[PDB]
Amino acid sequence: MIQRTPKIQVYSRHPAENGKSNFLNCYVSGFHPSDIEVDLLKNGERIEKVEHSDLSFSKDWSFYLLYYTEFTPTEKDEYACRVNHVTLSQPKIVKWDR
Ligand code: NA
């Protein structure tokens, strides 16, 4: 058996074909086992509608998840990604910078 704690990165991107659109992204990387729970949060509340959840693996024991959706951030709102995995004794919450 092998188990590996996910690396978690939270960031925003504008698709170049539609620059007015903005996406909030949580990239959860290099984890094992694949069992996982991942949410985007707005002001502590789970965002229910997340349009994209893309899972892949490299080696059989290394998984990668890109979890993202369109959003409209204001200066006041706080966004975060919350991840639960067997390697994390408590949920890990990573704040979006900006
Ligand atoms: Na856990």
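Residues numbered from 1 in each chain as written, not as in the entry; some residues may be left out. Heavy atoms only, no water.

As recorded by the PDB entry, the chain carries the name Beta-2-microglobulin and is attributed to Homo sapiens. For this structure, the PDB entry title reads "The Crystal Structure of human beta2-microglobulin".

**As for the side chain of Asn22**
Note on placement: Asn22 falls in the loop between β1 (7-13) and β2 (23-31). In this structure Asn22 touches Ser12, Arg13, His14, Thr69, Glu70, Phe71 and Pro73, once residues within four positions along its chain are discounted. (Helix = DSSP H or I, 4+ residues; strand = E, 2+ residues; numbered from the N terminus. Contact = heavy atoms within 4.5 Å.)

**Re the sheet that holds strand β6 (residues 63-70)**
Read from one edge to the other, the open sheet built from four strands follows the order β1-β2-β6-β5, with strand pairing classed as antiparallel. A strand with exactly one partner marks an edge of an open sheet, and here the two such strands are β1 and β5 (52-57). Strand-to-strand twist across the sheet, computed as the mean angle between neighbouring axes with direction ignored, equals 15 degrees. Bridge analysis of β1 against β2 gives seven bridges, and the strand direction is antiparallel. Looking at the pairing, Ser12 lines up with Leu24 of β2. (Pairing = 2+ DSSP bridges. Axes fitted to C-alpha atoms, helices over the stretch in contact; angles between N-to-C directions.)

**Thoughts on the sheet that holds strand β4 (residues 45-46)**
The strand order across the open sheet formed by four strands is β4-β3-β7-β8, and the pairing between neighbours is antiparallel. Each end of this open sheet is capped by a strand with a single partner; those strands are β4 and β8 (92-95). Where strand β7 (residues 79-84) and β8 come together, four bridges link them in antiparallel fashion. Bridged to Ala80 within β8 is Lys95.

**Looking at the pairing of β6**
Bridging between β2 and β6 involves eight bridges; their strand directions are antiparallel. Opposite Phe23, over in β6, you have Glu70 as the bridge partner. Here β5 runs beside β6; their pairing, made up of six bridges, is antiparallel. Note that in β6 the partner of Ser56 across the bridge is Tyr64. Where β5 hands over to β6, the hairpin turn is made up of five residues, counted between the paired strands.

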